[PDB]
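Engineer: Following this: a sequence and the matching experimental structure.
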Amino acid sequence: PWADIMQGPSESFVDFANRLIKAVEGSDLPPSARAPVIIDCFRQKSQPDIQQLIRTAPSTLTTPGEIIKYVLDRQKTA
Amino acid sequence: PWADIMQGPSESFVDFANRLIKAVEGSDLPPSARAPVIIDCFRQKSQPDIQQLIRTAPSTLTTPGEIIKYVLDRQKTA
Amino acid sequence: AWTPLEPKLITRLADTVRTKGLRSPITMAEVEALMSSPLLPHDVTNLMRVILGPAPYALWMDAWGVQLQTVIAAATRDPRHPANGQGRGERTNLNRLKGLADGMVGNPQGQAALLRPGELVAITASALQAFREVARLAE
Amino acid sequence: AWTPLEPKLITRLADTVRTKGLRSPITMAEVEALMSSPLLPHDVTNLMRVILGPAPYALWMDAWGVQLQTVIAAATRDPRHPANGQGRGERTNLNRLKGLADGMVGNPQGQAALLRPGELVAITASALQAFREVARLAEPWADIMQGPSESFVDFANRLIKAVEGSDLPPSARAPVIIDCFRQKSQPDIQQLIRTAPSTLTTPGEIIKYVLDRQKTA
Amino acid sequence: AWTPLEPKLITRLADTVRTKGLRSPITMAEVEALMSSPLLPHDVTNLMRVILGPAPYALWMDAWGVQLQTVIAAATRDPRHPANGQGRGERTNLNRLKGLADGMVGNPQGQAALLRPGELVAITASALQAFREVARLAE
Amino acid sequence: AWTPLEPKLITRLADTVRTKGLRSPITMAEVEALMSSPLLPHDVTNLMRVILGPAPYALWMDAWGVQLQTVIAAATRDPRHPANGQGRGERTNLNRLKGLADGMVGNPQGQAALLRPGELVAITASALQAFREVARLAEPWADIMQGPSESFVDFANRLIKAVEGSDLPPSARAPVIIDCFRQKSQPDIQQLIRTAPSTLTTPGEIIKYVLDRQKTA
Amino acid sequence: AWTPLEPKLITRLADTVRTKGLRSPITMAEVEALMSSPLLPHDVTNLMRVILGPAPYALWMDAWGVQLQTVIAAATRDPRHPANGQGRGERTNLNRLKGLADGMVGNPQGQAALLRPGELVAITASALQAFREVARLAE
Amino acid sequence: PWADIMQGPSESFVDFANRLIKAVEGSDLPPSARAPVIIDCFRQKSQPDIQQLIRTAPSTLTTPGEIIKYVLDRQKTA
Amino acid sequence: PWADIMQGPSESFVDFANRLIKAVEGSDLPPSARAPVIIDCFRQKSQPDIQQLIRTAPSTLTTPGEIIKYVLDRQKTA
Amino acid sequence: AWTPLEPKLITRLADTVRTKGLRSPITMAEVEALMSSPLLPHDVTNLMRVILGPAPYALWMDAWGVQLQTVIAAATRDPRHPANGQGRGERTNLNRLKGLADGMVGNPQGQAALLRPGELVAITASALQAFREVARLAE
């Protein structure tokens, strides 16, 4: 179930994005509703450090690929 | 007095913008000096979280309405 | 002939926006009610000046301009716009939509004289969409 | 006539990407191999759908679009593009490159019918460059030190790997590798390189010199 | 037309180099096998990038450059090189041998277009000798 | 007619070299100042004899000879050198450049008589380049870390100093400074730079960003 | 003919910057004093190299580049720039402003030869504004 | 006296070279005998680490400047 | 036997060169194969100090006499 | 007519070199003694073959060649060399000095026939200087 996917405390972001995109594209949603759902799940899941990282984006991110690129650039190396 | 207006620690941004625009437009400034003053007061008042949010704007904001829209988009939901 | 909206209705709508907010369905219904007859740019501009605060009014001016620009792009993409005419001399500029054209600045009577009904309904729909955007943005 | 790529080769390439990763030179060689004949947008799209995960696939779609847009800018900057024609009626739109044009959406046969060979090779080169970008993006040289017990060839291997697989320009790798050999590589080898009667101006020469005169232990 | 080497053969050769080493006669035989047809600079460069580690790859780049320079000295010492031509306009520069010349950088198709068969066999023999040197040097 | 340089200016320049060193930008500016008018070999030779110590003077003689030899190679490679003439009888030998030719040894008046203005400016530029080489030679960036208690502007100053006063090419300093800001500069600032919503592509921009968002303490 | 600035004045200005700082009005007055005659890119570059530390010098190079780019945008926005000419062959590129053009790199004499007085005064004003920005930024 | 000059255990090489060249050029030797004496004093003074560094020179150094350059290149940083 | 000749730990280099050249010239090799063999025996015999001394030769030594001269110049006096 | 040196004197000189060494003043005096009459290349070559060991003999061949080359450079720098003649047909090549010219290889009689006395004294002085160099180099 896509709506139950959370980014674990120790999980990296690319694994979380892979799992989420997999569960959203392999589901019962229409094809035209996958990108907005993936974006809004990146924003509300993806534990509050990345949540604030996406929130304070000086540019407007309108695509899952752009969000992934931005987060991978500005992520907290740890 | 417009130059004494600060965004309180607990005040929202739309209330601060309303108060500031009110005090600037209902003052003794010429009509052609209100927009630059409102912008530069958004930048220097509006406590340092929003200050840094406006500073790191990938686009150049040249209007109080555009600054308000940008800040409302990327503000820290709390 | 131009007839202004009742200040009683405008006061009631302003208090509705003040208590219920911008996004409540009752507020949008009231706005749709006061957005029934095609309004002149003067009417909608003063209405939003009265019912909205300063910062929402700035946001609404921005959004209204953007929506009117989209309308004018669609108009130059189709010469059969109810605001346009058949010849090139009836093409509608943004100065005529925002009420900035010659013979219209500050004068609602002249505004009502030169404007087309298609112009009025396009301006009205644009203002309604801009209000929706700003309401979704403010809260 | 359109012929699909073998699912056996695609399965082997997918497992290669799964075990070796996106950035290994063997993986890039395999991709270059399966990128030999000019592919139709359908082929490359399905190939990247199968071999890449969901998030790398999104990144790759983005990068492919950007590279195709650069190609179309160069095409409108030169009417002699092998994808273009001489008249204005042969100008190639991005709907025709991404396979979105009329008579192409979802149909590989019609795609192969209307597309030009120059179009195919441009799409293919764009997809290869996008794959390179995403591979460099999906997965630090200045933090590499030679351990107290580590040999010198292992340290050199690790350092050259991290420097060549990084964001430096190609013309800045050799000087950085040399200056990292000189300042890292614990003070015995530091003094060994410092007191070199000859001037060493290449990482290979430094490696050879150090391997010759190293303290056998 | 350029055809790439099979990644299956390259993977098998890489594992051979990984288990047997660089200097075993079986490894040199396998390299001679995959060095049968004249390869373009792109092919040999990617092959050595994949089968060799980082430090042996640096050593091999050095040795390949030195051997190609010896070849170019012999070429300027004899205008009848199978890479050269009769006139001075066909003289082969190191940018054309290393694949750095115009129309070749990063493009294997254009590479295969402009290169001569004598150029290809000279590059291939140079790369083989450089591999032998590096293998004798690494262990 | 030959006029000597003021011993007062020479004494001030010698004390400048004594206190600031050979490589300070103020010292190079002062040398450029006293290198304004084209000097005769006698002038430059005595100047370097006075301002430089014995060992730097030996190094400078070597470097000056090498640079003059490069100049003479370029001169025999082009008969239109401002030191050369059109016929072969005006070709300039190194004895004429170093002041060793006939009628010049030890005599500055005869020197000024026979020398060309192009000869003088070539000698002067050669001497300046030789001084630069010796200064860079007479007196490590990859070992610089930001101390636990050190501020960021001090660390940036130290790092930029050590990177610009090193053996790197000019086109490799900015990327190295950036990548050293990112990997040095203890993990608080490392994470501050990592989580930059904008892409910082210049040391000045990185410094400005860090100074804005730094943890006041 | 190019004449260098006195190292005595430069030493005094450097010590002024060292004791008073970058932002004191006396320091800005001294800089305006040494910024009186139009300087060549070589002069200003060496001056800022000597008086400023490493990090302020990096900041100043950045700011100077940005201000020169604004100047070149204004120059392409007006063909009557005192640095420009009337025809298109006198358009001034940033390589000519920063001293990077052909015949100027490292040579102040050739620099002074090819540069225009309008070029010199524009470079000087740009450098002064950049110094002001960096001084306001450093402290 | 030039023939009594030794490189101290803690002294750098450029200071030793400066002192030696000073004492040799400011002495009673003929001008044509200074360079060979400076070279042979670099070789026999200049404590045995630099002595061995000069001894094992793959090239032949025939000038004090060349010896100084070589030693400065290959010296033991400490 | 020439291929069994090593430079002893205490032996000087001229004695080793004499012994090696004697054994190589008084052997069954062709006359055109003596110089390369003598050179390659200087390089691989002649205990690792002189081996490294010959290896790090800035010039290319292509004759036994030149190698002998170079080694005698730059040898470690002991 | 060529007369060989006494093997008794050569044996005594060889034992002198064996006991006293190459650099003793008595050894140099003895060499000067046996270097009194101008010797043919054959004589000096065999003398150095007998008195010197293998490695000093190689060094001496090198040094003798270098000194003879300096002599031939001075000879082409002055057409009045006692080895040269006035016309260009008497110019002395190194094959004639080292005894490698035609009619001289291995034959001392023909050597003595074609050689000039200036040639002989130049060869002798060159050999003496080469012996001095090698003696200073060996120990």
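Structural biologist: Arrived safely. Numbers count the residues shown, from 1 in each chain, chains lettered A, B, ... in the order given.

Engineer: In three-state terms, label the closest residue to chain J within chain A for me.
Structural biologist: Across chain A, no residue is closer to chain J than residue A:77, which sits at 62.8 Å (CB to the nearest CB). (C-beta placed from N, C-alpha, C; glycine too.) State at residue A:77, reduced to three classes by DSSP: H, G, I helix; E, B strand; the rest coil: coil.

Engineer: With adjacent residues omitted, what lies nearest to it?
Structural biologist: Once flanking residues are discounted, residue A:77 sits nearest to residue F:194: 5.1 Å by CB to CB, 6 or more residues apart in numbering or on different chains.

Engineer: count of neighbours near that neighbour?
Structural biologist: Here the count is done by other CB atoms under 10 Å in any protein chain shown, and residue F:194 has 15 residues near it.

Engineer: Just confirm it contacts residue A:74, I think it does.
Structural biologist: Yes. Between residue F:194 and residue A:74 a contact is recorded at 6.3 Å, counting by CB atoms under 8 Å.

Engineer: circling back to that earlier point, can you name the residues that contact the residue of chain A closest to chain J?
Structural biologist: The contact partners of residue A:77, by CB atoms under 8 Å, 6 or more residues apart in numbering or on different chains, come to F:190, F:191, F:194.

Engineer: which element is residue A:73 on?
Structural biologist: Per DSSP states H and E: residue A:73 is located in helix A:64-74.

Engineer: Quick one: list the elements packing against that helix.
Structural biologist: helix A:13-25, helix A:34-44, helix A:48-55, helix D:54-76 (3 or more CB pairs under 8 Å, 6 or more residues apart in numbering or on different chains; DSSP states H and E).

Engineer: ok, and what's touching the second one?
Structural biologist: Same thing as helix A:34-44. Taking CB under 8 Å, 6+ apart as the criterion, the residues outside helix A:34-44 that touch it are A:2-3, A:5, A:17, A:20-21, A:24-25, A:29, A:51, A:54-55, A:61-64, A:67.

Engineer: Of all the residues in chain A, which one is nearest chain I?
Structural biologist: Minimum separation of chain A from chain I (CB to the nearest CB) falls at residue A:77, amounting to 42.9 Å.

Engineer: Closest residue of chain A to chain E?
Structural biologist: residue A:77 (22.9 Å).

Engineer: Spatially central, which residue of chain A would that be?
Structural biologist: In chain A, the C-alpha closest to the average C-alpha coordinate belongs to residue A:42, at a distance of 2.7 Å (CA atoms, centre = their mean).

Engineer: Chain H versus that residue, what's the distance?
Structural biologist: For residue A:42, the distance to chain H (CB to the nearest CB, to the nearest Å) stands at 51 Å.

Engineer: Please apply the same query to residue A:4.
Structural biologist: Residue A:4 sits 60 Å away from chain H, going by CB to the nearest CB.

Engineer: What of residue A:19?
Structural biologist: Using CB to the nearest CB, one gets 52 Å for the distance from residue A:19 to chain H.

Engineer: check contacts around residue A:72.
Structural biologist: Going by CB under 8 Å, 6+ apart, residue A:72 touches A:13, A:14, D:137.

Engineer: report the angle between the axes of the helix holding residue A:73 and helix A:48-55?
Structural biologist: When axes from the mean of the first three to the mean of the last three CA atoms, to 10 degrees is applied, the directions of helix A:64-74 and helix A:48-55 differ by 110 degrees.
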